[PDB]
$ cat coords28.tsv   # TSV, C-alpha atoms and all ligand atoms
chain	number	residue	atom	x	y	z
A	244	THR	CA	112.97	323.86	28.50
A	245	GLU	CA	114.65	324.35	31.91
A	246	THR	CA	113.16	321.01	33.05
A	247	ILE	CA	114.67	317.58	32.27
A	248	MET	CA	111.78	316.06	30.33
A	249	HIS	CA	110.53	312.48	30.46
A	250	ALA	CA	107.08	312.65	28.83
A	251	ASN	CA	107.30	315.41	26.19
A	252	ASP	CA	105.26	313.14	23.83
A	253	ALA	CA	102.38	312.87	26.30
A	254	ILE	CA	98.87	313.38	24.94
A	255	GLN	CA	95.45	312.46	26.28
A	256	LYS	CA	93.75	309.73	24.28
A	257	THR	CA	90.30	311.06	25.19
A	258	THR	CA	89.17	314.22	26.97
A	259	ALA	CA	86.16	315.37	28.95
A	260	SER	CA	84.59	316.61	25.68
A	261	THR	CA	83.79	313.03	24.64
A	262	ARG	CA	83.53	311.18	27.94
A	263	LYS	CA	82.79	311.74	31.61
A	264	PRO	CA	85.44	313.85	33.37
A	265	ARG	CA	87.90	311.92	35.49
A	266	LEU	CA	88.13	312.82	39.22
A	267	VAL	CA	90.95	311.16	41.18
A	268	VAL	CA	91.96	311.62	44.82
A	269	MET	CA	95.49	310.48	45.57
A	270	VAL	CA	96.08	310.14	49.35
A	271	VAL	CA	99.75	310.34	50.24
A	272	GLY	CA	99.75	308.55	53.60
A	273	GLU	CA	102.28	308.78	56.37
A	274	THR	CA	104.08	306.13	58.51
A	275	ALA	CA	101.41	303.41	58.05
A	276	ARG	CA	102.89	299.94	57.77
A	277	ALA	CA	101.30	297.15	55.75
A	278	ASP	CA	101.37	294.50	58.52
A	279	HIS	CA	99.33	296.66	60.93
A	280	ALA	CA	96.44	296.82	58.51
A	281	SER	CA	93.61	294.43	59.32
A	282	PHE	CA	93.20	293.92	55.55
A	283	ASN	CA	96.71	292.40	55.45
A	284	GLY	CA	96.01	290.05	58.36
A	285	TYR	CA	96.86	292.10	61.44
A	286	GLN	CA	95.00	290.61	64.38
A	287	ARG	CA	93.22	293.85	65.40
A	288	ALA	CA	90.57	295.84	63.51
A	289	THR	CA	92.66	298.88	62.53
A	290	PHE	CA	90.81	299.50	59.24
A	291	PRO	CA	87.19	298.53	59.92
A	292	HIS	CA	85.66	300.77	57.26
A	293	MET	CA	88.11	299.78	54.51
A	294	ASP	CA	87.72	296.12	55.40
A	295	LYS	CA	83.96	296.38	54.88
A	296	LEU	CA	84.50	297.96	51.45
A	297	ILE	CA	87.04	295.27	50.56
A	298	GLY	CA	84.49	292.62	51.46
A	299	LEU	CA	81.96	294.31	49.13
A	300	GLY	CA	84.58	294.38	46.35
A	301	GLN	CA	84.56	298.19	46.16
A	302	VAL	CA	88.14	298.62	47.47
A	303	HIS	CA	91.06	296.59	46.09
A	304	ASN	CA	93.91	295.78	48.46
A	305	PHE	CA	97.30	295.39	46.85
A	306	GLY	CA	98.83	293.72	49.90
A	307	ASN	CA	102.44	294.24	50.99
A	308	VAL	CA	103.73	297.12	48.83
A	309	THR	CA	107.33	298.40	49.01
A	310	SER	CA	108.14	302.08	49.55
A	311	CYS	CA	111.10	303.65	47.80
A	312	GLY	CA	112.57	305.11	51.03
A	313	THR	CA	111.98	305.69	54.71
A	314	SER	CA	110.99	309.37	55.17
A	315	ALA	CA	108.69	311.81	53.41
A	316	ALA	CA	111.70	313.89	52.31
A	317	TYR	CA	113.05	310.91	50.40
A	318	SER	CA	109.88	309.13	49.34
A	319	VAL	CA	107.40	311.87	48.32
A	320	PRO	CA	109.39	313.23	45.33
A	321	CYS	CA	110.13	309.70	44.15
A	322	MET	CA	106.44	308.74	44.39
A	323	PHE	CA	105.62	311.38	41.72
A	324	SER	CA	108.82	310.93	39.68
A	325	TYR	CA	109.32	309.18	36.36
A	326	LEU	CA	112.69	307.84	37.54
A	327	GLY	CA	111.76	305.09	39.90
A	328	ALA	CA	113.48	304.04	43.09
A	329	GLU	CA	116.64	302.64	41.45
A	330	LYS	CA	117.61	305.81	39.52
A	331	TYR	CA	116.07	308.35	41.90
A	332	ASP	CA	118.27	310.97	43.60
A	333	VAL	CA	116.64	313.13	46.28
A	334	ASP	CA	119.19	315.91	45.72
A	335	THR	CA	118.20	316.45	42.08
A	336	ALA	CA	114.52	315.49	41.94
A	337	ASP	CA	113.56	319.17	41.54
A	338	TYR	CA	115.22	319.24	38.08
A	339	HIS	CA	113.04	316.62	36.37
A	340	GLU	CA	109.54	316.81	34.95
A	341	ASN	CA	107.26	314.90	37.35
A	342	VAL	CA	103.89	313.32	36.76
A	343	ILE	CA	102.05	316.38	38.17
A	344	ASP	CA	103.86	318.60	35.67
A	345	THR	CA	102.72	316.31	32.84
A	346	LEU	CA	99.07	316.20	33.98
A	347	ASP	CA	98.99	319.99	34.47
A	348	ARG	CA	100.45	320.56	30.99
A	349	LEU	CA	97.70	318.41	29.51
A	350	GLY	CA	94.98	320.39	31.28
A	351	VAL	CA	94.19	318.33	34.37
A	352	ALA	CA	93.19	320.70	37.22
A	353	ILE	CA	95.45	319.80	40.15
A	354	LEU	CA	94.90	320.64	43.84
A	355	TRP	CA	97.42	319.60	46.52
A	356	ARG	CA	96.34	319.94	50.17
A	357	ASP	CA	99.05	319.26	52.72
A	358	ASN	CA	98.68	318.40	56.41
A	359	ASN	CA	102.18	316.94	56.71
A	360	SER	CA	105.05	319.18	55.65
A	361	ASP	CA	104.77	320.15	51.98
A	362	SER	CA	104.88	318.52	48.55
A	363	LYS	CA	108.71	318.14	48.78
A	364	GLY	CA	109.12	320.10	45.55
A	365	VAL	CA	106.52	318.25	43.51
A	366	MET	CA	104.19	321.27	43.17
A	367	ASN	CA	106.92	323.92	42.69
A	368	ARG	CA	106.34	324.58	38.97
A	369	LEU	CA	102.56	324.97	39.30
A	370	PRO	CA	100.89	328.19	40.49
A	371	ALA	CA	101.01	328.72	44.22
A	372	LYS	CA	97.21	328.82	44.44
A	373	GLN	CA	97.08	325.08	43.53
A	374	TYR	CA	98.92	324.16	46.74
A	375	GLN	CA	97.21	324.70	50.09
A	376	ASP	CA	98.72	324.46	53.57
A	377	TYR	CA	96.42	322.41	55.79
A	378	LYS	CA	98.80	321.95	58.75
A	379	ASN	CA	97.89	325.44	60.01
A	380	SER	CA	94.55	327.02	60.86
A	381	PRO	CA	93.48	330.15	58.93
A	382	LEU	CA	94.70	332.60	61.60
A	383	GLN	CA	98.04	330.73	61.51
A	384	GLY	CA	98.23	331.35	57.76
A	385	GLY	CA	96.84	328.03	56.50
A	386	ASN	CA	93.39	326.77	55.59
A	387	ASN	CA	92.42	323.94	57.93
A	388	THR	CA	89.16	324.51	59.87
A	389	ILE	CA	89.60	321.33	61.97
A	390	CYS	CA	92.51	322.06	64.31
A	391	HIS	CA	90.75	322.80	67.60
A	392	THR	CA	89.08	319.43	68.27
A	393	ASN	CA	91.96	318.28	70.51
A	394	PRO	CA	94.09	319.83	73.27
A	395	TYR	CA	97.24	319.96	71.10
A	396	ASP	CA	95.56	322.34	68.61
A	397	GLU	CA	96.78	319.91	65.95
A	398	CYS	CA	95.21	320.16	62.48
A	399	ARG	CA	93.42	317.00	61.37
A	400	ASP	CA	93.45	315.21	58.05
A	401	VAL	CA	89.66	315.34	57.76
A	402	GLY	CA	89.99	319.13	57.53
A	403	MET	CA	91.40	318.58	54.03
A	404	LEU	CA	88.08	317.08	52.94
A	405	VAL	CA	86.09	320.23	53.83
A	406	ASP	CA	84.30	321.64	50.81
A	407	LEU	CA	86.25	319.91	48.05
A	408	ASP	CA	83.01	320.75	46.14
A	409	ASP	CA	84.47	324.27	45.69
A	410	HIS	CA	87.30	322.86	43.49
A	411	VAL	CA	84.92	320.61	41.54
A	412	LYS	CA	82.56	323.48	40.82
A	413	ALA	CA	85.43	325.76	39.72
A	414	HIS	CA	86.60	323.14	37.17
A	415	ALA	CA	83.47	322.14	35.29
A	416	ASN	CA	84.03	319.75	32.43
A	417	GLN	CA	87.69	319.27	33.30
A	418	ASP	CA	89.66	316.31	34.61
A	419	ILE	CA	90.72	316.80	38.24
A	420	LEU	CA	93.45	315.34	40.48
A	421	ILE	CA	93.29	316.12	44.22
A	422	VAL	CA	96.33	315.09	46.28
A	423	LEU	CA	95.75	314.94	50.07
A	424	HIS	CA	98.98	314.64	52.04
A	425	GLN	CA	98.16	313.23	55.48
A	426	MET	CA	99.76	313.69	58.83
A	427	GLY	CA	98.64	310.08	59.38
A	428	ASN	CA	100.75	307.99	61.72
A	429	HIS	CA	103.81	310.23	62.09
A	430	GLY	CA	105.43	309.90	65.49
A	431	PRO	CA	106.95	309.78	67.96
A	432	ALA	CA	103.89	311.31	69.69
A	433	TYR	CA	101.33	308.94	68.17
A	434	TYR	CA	98.82	309.80	70.89
A	435	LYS	CA	98.60	313.37	69.42
A	436	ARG	CA	97.61	312.11	65.96
A	437	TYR	CA	93.91	311.27	66.55
A	438	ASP	CA	90.90	312.70	68.26
A	439	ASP	CA	89.37	311.04	71.33
A	440	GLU	CA	86.75	309.10	69.28
A	441	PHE	CA	89.66	306.92	68.05
A	442	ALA	CA	91.30	306.30	71.48
A	443	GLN	CA	90.12	302.69	71.39
A	444	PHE	CA	93.23	300.52	71.90
A	445	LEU	CA	94.24	301.28	75.51
A	446	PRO	CA	96.25	302.15	77.46
A	447	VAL	CA	98.49	304.41	75.32
A	448	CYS	CA	102.03	305.75	75.54
A	449	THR	CA	101.75	309.49	76.32
A	450	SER	CA	105.47	310.24	76.05
A	451	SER	CA	107.67	310.99	73.07
A	452	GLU	CA	110.33	308.70	74.66
A	453	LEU	CA	109.05	305.44	73.17
A	454	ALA	CA	111.72	303.02	74.40
A	455	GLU	CA	110.78	304.03	77.98
A	456	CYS	CA	107.02	303.22	77.59
A	457	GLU	CA	105.80	299.62	77.49
A	458	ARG	CA	106.03	298.40	73.90
A	459	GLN	CA	102.35	297.39	73.65
A	460	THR	CA	101.24	300.88	74.79
A	461	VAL	CA	103.27	302.47	71.92
A	462	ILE	CA	101.64	300.04	69.52
A	463	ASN	CA	98.16	300.87	70.92
A	464	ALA	CA	98.66	304.57	70.15
A	465	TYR	CA	99.97	303.73	66.68
A	466	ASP	CA	96.95	301.49	66.00
A	467	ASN	CA	94.53	304.26	67.18
A	468	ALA	CA	96.11	306.58	64.63
A	469	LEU	CA	95.40	303.96	61.96
A	470	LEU	CA	91.70	303.97	62.99
A	471	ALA	CA	91.62	307.72	62.38
A	472	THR	CA	93.18	307.19	58.92
A	473	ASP	CA	90.60	304.47	58.16
A	474	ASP	CA	87.87	307.01	59.03
A	475	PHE	CA	89.54	309.68	56.83
A	476	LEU	CA	89.63	307.27	53.90
A	477	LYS	CA	85.97	306.34	54.45
A	478	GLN	CA	84.99	310.05	54.39
A	479	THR	CA	87.04	310.56	51.22
A	480	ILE	CA	85.29	307.67	49.50
A	481	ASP	CA	81.85	308.87	50.68
A	482	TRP	CA	82.55	312.25	49.07
A	483	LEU	CA	83.74	310.70	45.80
A	484	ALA	CA	80.72	308.38	45.69
A	485	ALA	CA	78.49	311.48	45.43
A	486	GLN	CA	80.40	312.76	42.34
A	487	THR	CA	78.26	310.80	39.92
A	488	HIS	CA	78.98	313.13	37.00
A	489	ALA	CA	82.60	311.87	36.90
A	490	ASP	CA	84.47	308.57	36.71
A	491	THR	CA	86.16	308.49	40.11
A	492	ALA	CA	89.07	306.82	41.82
A	493	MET	CA	90.84	306.97	45.18
A	494	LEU	CA	94.43	305.70	45.43
A	495	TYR	CA	96.04	305.44	48.89
A	496	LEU	CA	99.68	304.62	49.66
A	497	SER	CA	101.81	305.48	52.68
A	498	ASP	CA	105.24	307.12	52.15
A	499	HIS	CA	106.97	304.37	54.23
A	500	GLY	CA	106.32	302.18	57.29
A	501	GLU	CA	107.51	302.42	60.84
A	502	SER	CA	109.57	300.41	63.28
A	503	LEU	CA	107.74	299.64	66.51
A	504	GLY	CA	110.53	298.21	68.61
A	505	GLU	CA	111.55	295.15	66.58
A	506	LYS	CA	115.19	294.51	67.39
A	507	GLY	CA	115.10	297.73	69.37
A	508	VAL	CA	114.44	300.03	66.38
A	509	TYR	CA	111.79	302.75	66.56
A	510	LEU	CA	110.51	305.45	64.18
A	511	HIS	CA	111.68	305.65	60.56
A	512	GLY	CA	114.37	307.34	58.46
A	513	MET	CA	116.95	304.55	58.35
A	514	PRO	CA	119.04	304.48	55.13
A	515	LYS	CA	117.12	302.22	52.74
A	516	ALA	CA	120.13	299.95	52.17
A	517	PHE	CA	119.97	298.98	55.86
A	518	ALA	CA	116.42	299.73	56.84
A	519	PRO	CA	114.35	296.89	58.34
A	520	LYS	CA	111.44	295.51	56.38
A	521	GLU	CA	108.94	297.28	58.64
A	522	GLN	CA	110.12	300.70	57.39
A	523	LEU	CA	109.71	299.73	53.75
A	524	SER	CA	106.42	297.76	53.83
A	525	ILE	CA	103.33	299.96	53.23
A	526	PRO	CA	99.62	299.49	52.57
A	527	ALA	CA	98.09	300.37	49.22
A	528	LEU	CA	94.39	300.54	48.37
A	529	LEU	CA	92.39	301.55	45.32
A	530	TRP	CA	88.71	302.46	45.24
A	531	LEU	CA	86.87	302.91	41.90
A	532	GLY	CA	83.52	304.58	41.39
A	533	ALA	CA	80.33	302.99	40.08
A	534	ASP	CA	80.44	301.75	36.49
A	535	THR	CA	84.21	302.21	36.38
A	536	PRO	CA	85.94	301.74	33.01
A	537	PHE	CA	89.18	300.72	34.74
A	538	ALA	CA	90.58	297.27	35.52
A	539	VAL	CA	93.09	296.34	38.21
A	540	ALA	CA	96.46	295.29	36.75
A	541	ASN	CA	98.27	291.94	37.02
A	542	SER	CA	100.48	291.86	40.13
A	543	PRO	CA	104.28	292.00	39.68
A	544	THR	CA	105.93	288.82	40.92
A	545	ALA	CA	107.62	290.73	43.78
A	546	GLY	CA	104.52	292.80	44.58
A	547	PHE	CA	103.93	296.47	43.80
A	548	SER	CA	105.99	299.47	44.91
A	549	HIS	CA	105.85	303.23	44.80
A	550	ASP	CA	107.17	303.03	41.20
A	551	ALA	CA	103.65	302.10	40.11
A	552	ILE	CA	102.14	305.47	41.17
A	553	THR	CA	103.29	307.59	38.19
A	554	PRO	CA	102.05	305.15	35.49
A	555	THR	CA	98.78	304.65	37.43
A	556	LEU	CA	98.04	308.40	37.49
A	557	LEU	CA	98.81	308.63	33.76
A	558	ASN	CA	96.53	305.66	33.01
A	559	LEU	CA	93.70	307.13	35.13
A	560	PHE	CA	93.85	310.31	32.99
A	561	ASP	CA	94.10	308.49	29.62
A	562	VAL	CA	97.63	309.87	29.01
A	563	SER	CA	99.67	308.09	26.30
A	564	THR	CA	103.45	308.45	26.65
A	565	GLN	CA	106.43	306.23	25.90
A	566	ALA	CA	107.57	307.10	29.44
A	567	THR	CA	105.27	304.42	30.93
A	568	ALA	CA	105.85	301.52	28.51
A	569	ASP	CA	107.12	298.40	30.35
A	570	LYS	CA	106.19	300.15	33.61
A	571	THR	CA	104.07	298.66	36.29
A	572	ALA	CA	100.78	300.38	37.16
A	573	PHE	CA	97.92	299.56	39.53
A	574	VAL	CA	95.31	299.87	36.75
A	575	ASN	CA	95.68	299.06	33.08
A	576	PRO	CA	95.54	301.70	30.36
A	577	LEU	CA	92.17	302.00	28.63
A	578	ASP	CA	92.35	300.91	25.02
B	601	ZN	ZN	108.84	311.26	58.73
B	602	ZN	ZN	106.87	309.90	56.30
$ encode --input "coords28.tsv" --output "structure tokens" --more "lines below"
Ligand SMILES: [Zn+2]
Ligand SMILES: [Zn+2]
Amino acid sequence: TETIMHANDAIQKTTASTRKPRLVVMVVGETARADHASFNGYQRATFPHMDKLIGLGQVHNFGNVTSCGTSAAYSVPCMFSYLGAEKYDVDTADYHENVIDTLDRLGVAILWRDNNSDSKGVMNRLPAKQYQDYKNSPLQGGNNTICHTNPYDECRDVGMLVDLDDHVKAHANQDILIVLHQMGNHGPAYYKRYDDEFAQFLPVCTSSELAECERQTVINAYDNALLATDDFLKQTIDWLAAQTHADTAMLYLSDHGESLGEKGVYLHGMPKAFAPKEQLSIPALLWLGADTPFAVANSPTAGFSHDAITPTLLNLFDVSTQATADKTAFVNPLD
């Protein structure tokens, strides 16, 4: 092949012809930091809906998880790579088979909706129709029907949840992966990231010049954008909970964290060798549907990282490959 292969031996252990189809939503978050999540002990209710599901035992919180880098351009390809953070090279990620390539080869129906930027190369070998731009409205050339609920005409992450039934109905009796790439908490204009229903921590910074504004007002806008992400995740889970013909899962991880003025540093993008802990520390949640066959994995001693995503996706689709032996995952393989 023209691709550097990592999982040429991959095969599904079971398929939808002998068991329920698998339906997974992977949410690629944006700029959310683990220590501003109420489920990791932040002293403000930034994730009220997820916290209620954690209390019920329906969502599992993996705690302080480490991102591989500090921007979507660096982190998103690595999140779907077989390489892992220590061998990853952003300049040559396009040349390797990635986990989406493997799943597509094995017949999983993949949809990637993007309200952020794009898939950073991950979707480039799949047909164009499996990637959908959700950062533009239809007349702008995209697909998002929820862009005109705010004065910035900014497209909202919840627009990506509109009529996901169309994809499910088009792929009867097949395994399905839906990736939703959020705008999330990207700054510096945090106040533009959420509709007025989520303007709850007040007052907010309404300038892109964050070091000018009072620190707490920057943080208030950031925390309001987390509330909107908590609502997006709740709506995603509510949709999956209705898909009772499938075994379902929702995995959420941010691409990196964010500095909010500690030691004078704001935003993200610092070289990972020098980046402060706040830029590398991300939340990670897993929801599983009713009667799930899956079990949450034993925690690594140092906590989880983005390197666990690729083996987790393979385990959720019953894919057997030597490429994920010895590798950490958030759920165990089914035997
Ligand atoms: Zn960024
Ligand atoms: Zn990012």
$ residues_around --input "coords28.tsv" --residues "residue 488 of chain A" --least-positions-apart "6" --cutoff "10 Å" --atoms "all atoms listed in the file" --output "ChimeraX atom specification"
/A:263-266,416
$ atom_distance --input "coords28.tsv" --atom1 "atom CA of residue 351 of chain A" --atom2 "atom CA of residue 401 of chain A"
24.0 Å
$ residues_around --input "coords28.tsv" --residues "segment 520-523 of chain A" --least-positions-apart "6" --cutoff "7 Å" --atoms "only C-alpha atoms" --output "MDAnalysis selection string"
chainID A and resid 276 309:310 312:313 499:502 511
$ residues_near_ligand --input "coords28.tsv" --ligand "ligand ZN 601 (chain B)" --cutoff "12 Å" --atoms "all atoms listed in the file" --output "compact mmCIF listing (two decimals) with C-alpha atoms, keeping the file's coordinate frame"
# COMPACT_ATOMS: atom_id res chain seq x y z
CA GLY A 272 99.75 308.55 53.60
CA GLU A 273 102.28 308.78 56.37
CA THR A 274 104.08 306.13 58.51
CA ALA A 275 101.41 303.41 58.05
CA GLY A 312 112.57 305.11 51.03
CA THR A 313 111.98 305.69 54.71
CA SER A 314 110.99 309.37 55.17
CA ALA A 315 108.69 311.81 53.41
CA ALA A 316 111.70 313.89 52.31
CA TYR A 317 113.05 310.91 50.40
CA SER A 318 109.88 309.13 49.34
CA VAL A 319 107.40 311.87 48.32
CA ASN A 359 102.18 316.94 56.71
CA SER A 360 105.05 319.18 55.65
CA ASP A 361 104.77 320.15 51.98
CA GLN A 425 98.16 313.23 55.48
CA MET A 426 99.76 313.69 58.83
CA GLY A 427 98.64 310.08 59.38
CA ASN A 428 100.75 307.99 61.72
CA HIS A 429 103.81 310.23 62.09
CA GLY A 430 105.43 309.90 65.49
CA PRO A 431 106.95 309.78 67.96
CA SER A 497 101.81 305.48 52.68
CA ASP A 498 105.24 307.12 52.15
CA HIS A 499 106.97 304.37 54.23
CA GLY A 500 106.32 302.18 57.29
CA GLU A 501 107.51 302.42 60.84
CA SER A 502 109.57 300.41 63.28
CA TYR A 509 111.79 302.75 66.56
CA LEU A 510 110.51 305.45 64.18
CA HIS A 511 111.68 305.65 60.56
CA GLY A 512 114.37 307.34 58.46
CA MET A 513 116.95 304.55 58.35
CA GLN A 522 110.12 300.70 57.39
$ closest_residue --input "coords28.tsv" --among "A:250, A:363, A:353, A:308" --to "ligand ZN 602 (chain B)" --atoms "only C-alpha atoms and all ligand atoms"
A:363
$ residues_around --input "coords28.tsv" --residues "residue 496 of chain A" --least-positions-apart "4" --cutoff "6 Å" --atoms "only C-alpha atoms" --output "list in words"
residues 271, 272, 526 and 527 of chain A
$ write_last_selection --input "coords28.tsv" --atoms "C-alpha atoms" --output "tab-separated table (two decimals), keeping the file's coordinate frame"
chain	number	residue	atom	x	y	z
A	271	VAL	CA	99.75	310.34	50.24
A	272	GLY	CA	99.75	308.55	53.60
A	526	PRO	CA	99.62	299.49	52.57
A	527	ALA	CA	98.09	300.37	49.22
$ closest_residue --input "coords28.tsv" --among "A:296, A:342, A:411, A:311" --to "ligand ZN 602 (chain B)" --atoms "all atoms listed in the file"
A:311
$ atom_distance --input "coords28.tsv" --atom1 "atom CA of residue 545 of chain A" --atom2 "atom CA of residue 577 of chain A"
24.4 Å
$ closest_residue --input "coords28.tsv" --among "A:322, A:538, A:288, A:328" --to "ligand ZN 602 (chain B)" --atoms "all atoms listed in the file"
A:322
$ closest_residue --input "coords28.tsv" --among "A:473, A:332, A:439, A:344" --to "residue 528 of chain A" --atoms "only C-alpha atoms"
A:473
$ residues_around --input "coords28.tsv" --residues "residue 572 of chain A" --least-positions-apart "6" --cutoff "6 Å" --atoms "all atoms listed in the file" --output "compact mmCIF listing (two decimals) with C-alpha atoms, in the frame of the given file"
# COMPACT_ATOMS: atom_id res chain seq x y z
CA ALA A 551 103.65 302.10 40.11
CA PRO A 554 102.05 305.15 35.49
CA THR A 555 98.78 304.65 37.43
$ atom_distance --input "coords28.tsv" --atom1 "atom CA of residue 561 of chain A" --atom2 "atom CA of residue 530 of chain A"
17.6 Å
$ residues_around --input "coords28.tsv" --residues "residue 452 of chain A" --least-positions-apart "3" --cutoff "10 Å" --atoms "only C-alpha atoms" --output "list in words"
residues 431, 432, 448, 449, 455, 456 and 461 of chain A
$ write_last_selection --input "coords28.tsv" --atoms "C-alpha atoms" --output "tab-separated table (two decimals), in the frame of the given file"
chain	number	residue	atom	x	y	z
A	431	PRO	CA	106.95	309.78	67.96
A	432	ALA	CA	103.89	311.31	69.69
A	448	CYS	CA	102.03	305.75	75.54
A	449	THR	CA	101.75	309.49	76.32
A	455	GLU	CA	110.78	304.03	77.98
A	456	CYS	CA	107.02	303.22	77.59
A	461	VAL	CA	103.27	302.47	71.92
$ build_atoms --input "coords28.tsv" --residues "segment 302-316 of chain A" --atoms "N, CA, C and O atoms" --output "PDB file, keeping the file's coordinate frame"
ATOM      1  N   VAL A 302      86.740 298.265  47.306  1.00  0.00           N
ATOM      2  CA  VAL A 302      88.140 298.620  47.470  1.00  0.00           C
ATOM      3  C   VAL A 302      88.980 297.392  47.127  1.00  0.00           C
ATOM      4  O   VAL A 302      88.659 296.257  47.520  1.00  0.00           O
ATOM      5  N   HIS A 303      90.076 297.629  46.398  1.00  0.00           N
ATOM      6  CA  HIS A 303      91.060 296.590  46.090  1.00  0.00           C
ATOM      7  C   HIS A 303      92.291 296.805  46.944  1.00  0.00           C
ATOM      8  O   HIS A 303      92.835 297.935  47.000  1.00  0.00           O
ATOM      9  N   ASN A 304      92.727 295.731  47.612  1.00  0.00           N
ATOM     10  CA  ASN A 304      93.910 295.780  48.460  1.00  0.00           C
ATOM     11  C   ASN A 304      95.052 295.150  47.685  1.00  0.00           C
ATOM     12  O   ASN A 304      94.976 293.975  47.321  1.00  0.00           O
ATOM     13  N   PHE A 305      96.148 295.912  47.560  1.00  0.00           N
ATOM     14  CA  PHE A 305      97.300 295.390  46.850  1.00  0.00           C
ATOM     15  C   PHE A 305      98.275 294.661  47.759  1.00  0.00           C
ATOM     16  O   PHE A 305      99.324 294.230  47.282  1.00  0.00           O
ATOM     17  N   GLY A 306      97.984 294.525  49.036  1.00  0.00           N
ATOM     18  CA  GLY A 306      98.830 293.720  49.900  1.00  0.00           C
ATOM     19  C   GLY A 306     100.093 294.454  50.341  1.00  0.00           C
ATOM     20  O   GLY A 306     100.117 295.658  50.581  1.00  0.00           O
ATOM     21  N   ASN A 307     101.173 293.674  50.486  1.00  0.00           N
ATOM     22  CA  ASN A 307     102.440 294.240  50.990  1.00  0.00           C
ATOM     23  C   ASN A 307     103.118 294.978  49.815  1.00  0.00           C
ATOM     24  O   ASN A 307     103.607 294.340  48.869  1.00  0.00           O
ATOM     25  N   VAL A 308     103.120 296.279  49.869  1.00  0.00           N
ATOM     26  CA  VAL A 308     103.730 297.120  48.830  1.00  0.00           C
ATOM     27  C   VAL A 308     105.019 297.705  49.401  1.00  0.00           C
ATOM     28  O   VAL A 308     105.138 297.829  50.615  1.00  0.00           O
ATOM     29  N   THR A 309     106.017 297.939  48.547  1.00  0.00           N
ATOM     30  CA  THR A 309     107.330 298.400  49.010  1.00  0.00           C
ATOM     31  C   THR A 309     107.466 299.900  48.745  1.00  0.00           C
ATOM     32  O   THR A 309     107.180 300.380  47.630  1.00  0.00           O
ATOM     33  N   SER A 310     107.847 300.670  49.774  1.00  0.00           N
ATOM     34  CA  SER A 310     108.140 302.080  49.550  1.00  0.00           C
ATOM     35  C   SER A 310     109.563 302.264  49.005  1.00  0.00           C
ATOM     36  O   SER A 310     110.434 301.400  49.121  1.00  0.00           O
ATOM     37  N   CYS A 311     109.765 303.440  48.385  1.00  0.00           N
ATOM     38  CA  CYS A 311     111.100 303.650  47.800  1.00  0.00           C
ATOM     39  C   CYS A 311     112.117 304.060  48.863  1.00  0.00           C
ATOM     40  O   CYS A 311     113.307 303.769  48.717  1.00  0.00           O
ATOM     41  N   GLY A 312     111.672 304.685  49.958  1.00  0.00           N
ATOM     42  CA  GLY A 312     112.570 305.110  51.030  1.00  0.00           C
ATOM     43  C   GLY A 312     111.829 305.131  52.342  1.00  0.00           C
ATOM     44  O   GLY A 312     110.729 304.543  52.463  1.00  0.00           O
ATOM     45  N   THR A 313     112.421 305.810  53.318  1.00  0.00           N
ATOM     46  CA  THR A 313     111.980 305.690  54.710  1.00  0.00           C
ATOM     47  C   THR A 313     111.663 307.025  55.348  1.00  0.00           C
ATOM     48  O   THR A 313     111.627 307.087  56.569  1.00  0.00           O
ATOM     49  N   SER A 314     111.430 308.093  54.584  1.00  0.00           N
ATOM     50  CA  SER A 314     110.990 309.370  55.170  1.00  0.00           C
ATOM     51  C   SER A 314     110.236 310.100  54.088  1.00  0.00           C
ATOM     52  O   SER A 314     110.395 309.788  52.903  1.00  0.00           O
ATOM     53  N   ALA A 315     109.395 311.081  54.474  1.00  0.00           N
ATOM     54  CA  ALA A 315     108.690 311.810  53.410  1.00  0.00           C
ATOM     55  C   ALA A 315     109.693 312.570  52.524  1.00  0.00           C
ATOM     56  O   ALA A 315     109.485 312.719  51.316  1.00  0.00           O
ATOM     57  N   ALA A 316     110.760 313.103  53.123  1.00  0.00           N
ATOM     58  CA  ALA A 316     111.700 313.890  52.310  1.00  0.00           C
ATOM     59  C   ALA A 316     112.275 313.054  51.199  1.00  0.00           C
ATOM     60  O   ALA A 316     112.481 313.555  50.083  1.00  0.00           O
TER      61      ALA A 316
END
